[PDB]
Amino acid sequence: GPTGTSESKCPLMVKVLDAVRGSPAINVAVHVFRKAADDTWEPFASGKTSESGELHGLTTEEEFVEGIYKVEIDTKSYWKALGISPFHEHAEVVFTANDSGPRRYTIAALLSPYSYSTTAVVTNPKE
């Protein structure tokens, strides 16, 4: 299914939903980046959301170390495919991953042509 840099103990997952049709956003391209010491965004993982609008196996726990990560969702292409003119070029989610805090990260995005919401669910279990 939807997987990126090695399907592992999904410590990071992306969920995308379409608020116009009331369905998950399928085949949306998602690019994850990590902030390098040179302070640039270097590629990390990427993929297309699945039938259920999810993206799993982006990374691994061993490779998912503390740092600033940027999740970029290609919303514009998504709306253009539907023949709908959007407002944003894409949607970004910038956050610092820490070790002390809970483990698994679920980033959710709800999309409309002129608006988008984003939530983080941080828990201890698999989700």
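Just count from 1 along the sequence shown to find any residue number.
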State which stretch shows the higher mean Cα B factor in the entry: 103 to 111 or 7 to 15. 7 to 15
Which is higher in the entry, the mean Cα B factor of 36 to 44 or that of 75 to 83? 36 to 44
Against its chain's modelled residues, does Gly67's Cα B factor rank lowest, middle or highest third? middle
Binned into thirds over the chain's modelled residues, the C-alpha B-factor of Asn98 lands in the highest
Would you please rank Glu61 by its C-alpha temperature factor against the other modelled residues of its chain and give the third it falls in: lowest, middle or highest? highest
Thinking about Cα B factors across the chain, which third does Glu51 belong to? highest
